[PDB]
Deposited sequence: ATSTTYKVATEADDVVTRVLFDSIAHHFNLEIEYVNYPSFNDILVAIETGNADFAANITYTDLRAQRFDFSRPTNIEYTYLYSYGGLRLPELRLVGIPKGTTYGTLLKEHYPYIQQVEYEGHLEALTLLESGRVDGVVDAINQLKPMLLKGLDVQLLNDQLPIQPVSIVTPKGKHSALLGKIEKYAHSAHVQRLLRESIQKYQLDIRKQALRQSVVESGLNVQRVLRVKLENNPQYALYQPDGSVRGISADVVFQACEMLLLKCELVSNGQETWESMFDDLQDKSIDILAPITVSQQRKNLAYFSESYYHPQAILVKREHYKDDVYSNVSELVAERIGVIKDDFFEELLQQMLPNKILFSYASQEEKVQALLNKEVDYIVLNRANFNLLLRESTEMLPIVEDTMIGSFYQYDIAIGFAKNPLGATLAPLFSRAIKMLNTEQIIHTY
């Protein structure tokens, strides 16, 4: 009889889940050993004070110090920061020593400078009131870090985070590592690692978020009134509804979608300025509108394109500045009218009351090019003209949630920004 020592750093939930599963499947005596730092773990392995460790990114240098299994799983990787910053917002970043993260951040953000640390306390003091703007580290730090009032941004869908593997003192547990490898790749264990870990970390992040709601002292018994824009403009029970509602679920607030008939002349934004509703989306955050409501961070980025009569002047123009003498149709007070007024200063635009009228103008040769957002233009075709691929997307703008300009909305909007971050927006967008 014996005992296999497997290394752990901080809250090593994947090492626990994986090796409990293995311990039990092969009837193995596992013994977890806490190491105060990830690089402590690495020395333990090549040395031999520990038999196994997980979550180690394989490298060519590394395979010459101790022996690797093939990658067994992903590793959730976060930017920890007071406020929830992004990578391209930092000039200092804390970096766990010995990790693959040194190379990753200099390869993708070489200007930031890294400051090395050892373990959670060191990381925590660097952040906890220090010079470091943010720390990049694994799921091991999530639970203790969010306790200390920190926020995260999941980096795995932001950067190519390499898969991860189980490792062993070189030439040591060769046969056992093989069996462990083959078991880990099984349909069962893989399905278990995907879901339980995702569930595990999303729950910690929800709890932190929900504690913020409570700390905000807003009345969660209040039914938030929501309106969705249904005047042909930019987007919509689709992308916007899912983001708003699921964010409302993220925060354990109750939201109710409300409608009448409206709107083409009965603006919902008026309802928002009335304070007769609390939330309105989508809203494309113009300049005109920027001050009349509070805004969540963006959650979609529409592609402005030009719609032209088919077969008309193809490849004559390669970008919209060369339309100096073409007739461009926009809708009055619409965001695209503003856009062109910046982009093509002092130029005559032709204004219309509606998309319908805007389109019919193009068809009647009243006008030659009209401004639409791509996704909306594809929609119209499904339910005789086309896009000028040459010019193509001449602009990318922002869609956000708007909140009524009062104290409640001031508190809601930053909260909704976080709920949106934690969402899988890409999936929703695809769906539609």
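Asks: Missing C-alpha coordinates: which residue stretches of the deposited sequence does that apply to?
Replies: Going by the record, the segments left unmodelled (no C-alpha atoms) fall at 1 to 2, 239 to 245, 393 to 397.
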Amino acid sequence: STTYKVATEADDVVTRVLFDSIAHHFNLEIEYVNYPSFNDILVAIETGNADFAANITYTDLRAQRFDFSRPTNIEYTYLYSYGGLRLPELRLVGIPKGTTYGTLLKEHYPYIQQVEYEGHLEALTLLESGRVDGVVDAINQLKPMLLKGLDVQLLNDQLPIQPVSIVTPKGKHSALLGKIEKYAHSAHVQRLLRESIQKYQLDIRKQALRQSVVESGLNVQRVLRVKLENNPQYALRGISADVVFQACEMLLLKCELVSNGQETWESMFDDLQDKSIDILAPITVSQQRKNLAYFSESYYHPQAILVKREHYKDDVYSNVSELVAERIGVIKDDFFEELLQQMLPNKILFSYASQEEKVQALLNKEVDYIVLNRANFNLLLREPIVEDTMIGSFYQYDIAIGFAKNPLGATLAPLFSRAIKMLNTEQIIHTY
From here on, numbers count along this sequence of modelled residues.
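Asks: Higher average CA B factor in the deposited record is what I'm after, so tell me if that's 23 to 31 or 39 to 47.
Replies: Of 39 to 47 and 23 to 31, the stretch with the higher C-alpha B-factor average is 39 to 47.
Asks: What stretch has the higher average Cα B-factor here, 324 to 332 or 220 to 228?
Replies: Here the higher of the two C-alpha B-factor means belongs to 324 to 332.
Asks: Among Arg210, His185, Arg191, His311, where is the Cα B factor highest in this entry?
Replies: Among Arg210, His185, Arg191, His311, the PDB entry lists the largest C-alpha B-factor for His311.
Asks: From the list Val371, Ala404, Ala54, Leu61, select the residue with the highest C-alpha B factor recorded in the entry.
Replies: It is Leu61.
Asks: Once the chain's modelled residues are ordered by C-alpha B factor and cut into thirds, is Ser351 in the lowest, middle or highest one?
Replies: Highest third - that is where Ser351 ends up once the chain's C-alpha B-factors are sorted.
Asks: For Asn260, does the deposited CA B-factor place it in the lowest, middle or highest third of the chain?
Replies: It belongs to the highest third of the chain when residues are ordered by C-alpha B-factor.
Asks: Comparing against every modelled residue in the chain, figure out the third that the C-alpha B-factor of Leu252 lands in (lowest, middle or highest).
Replies: Its C-alpha B-factor, which the entry lists for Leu252, ranks in the lowest third among residues of this chain.
Asks: Mind checking which third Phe377 falls in for C-alpha B-factor across the chain?
Replies: Tercile = highest for this residue's CA B-factor.
Asks: Once the chain's modelled residues are ordered by C-alpha B factor and cut into thirds, is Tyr397 in the lowest, middle or highest one?
Replies: Lowest third - that is where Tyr397 ends up once the chain's C-alpha B-factors are sorted.
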